[PDB]
């Protein structure tokens, strides 16, 4: 009754744009880790946008531009992060592939090589949903939509913190920030404060067909991505509420 899995052997990894923003100090160890993972998994690596998107939001909001104008502008920053990450992995056979290629030709591309990189933003563009002046469907959301549409073996989200806390661990309430080893999408959706993942992510988890859990792990700690791809618990597990057939 649930749709079939298009690429059940696929592993999807979303790298946060704010991880990319740290430059070589974060990116070189991540790249060395990805290199060693290449023989172990068939990877779609998707990059988020990070700080540049905040800058374009600052300019665009000042110009009065609607949320559909802002969505593709932020997406371009994720795409640029993807090109940067792919370039560092080029010597291992990895390249950036465009959204149409991801959507229609990922099978052949992962037959050619062990991993490809793409932008985690989904092409909502000018058809982004209205309501907030900030585009709701960002990189975590796009990555999950794909992973779930593919029926991938997993989606791992690589963050610049250990996982989800009860408050922003870098914010003004960071003293009350308690680490959450495990949570459900529904519990998260019913809390008010900030998250390290899009709120739209929790919405698409509610309608997910395949992916039972998503782990958010600290990409600043070498080994955590590798462990997460083996299903080891080293970050926050988010249960999507999908159940087995």
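Positions refer to the first chain, counted from 1.
Stretches compared: 170 to 178, 113 to 121. Higher mean C-alpha B-factor in the entry: 170 to 178. As recorded in the PDB entry, 158 to 166 is the stretch of 158 to 166 and 143 to 151 with the greater mean C-alpha temperature factor. Taking only the listed residues 48, 193, 68, 64, the entry reports the highest CA temperature factor at 193. Of the candidates 38, 217, 202, 28, the one whose C-alpha carries the top B factor in the deposited record is 202. Split the chain's modelled residues into thirds by C-alpha temperature factor. Residue 7 is in the lowest one. Annotation for residue 208: C-alpha temperature factor in the highest third relative to the rest of the modelled chain, per the entry. Per the PDB record, residue ranking by Cα B-factor puts residue 81 in the lowest third of the chain. Residue 136: CA B factor in the lowest third of modelled residues in this chain (values from the PDB entry). Per the deposited record, the Cα B-factor of residue 18 falls in the middle third when ranked against the other modelled residues of its chain.
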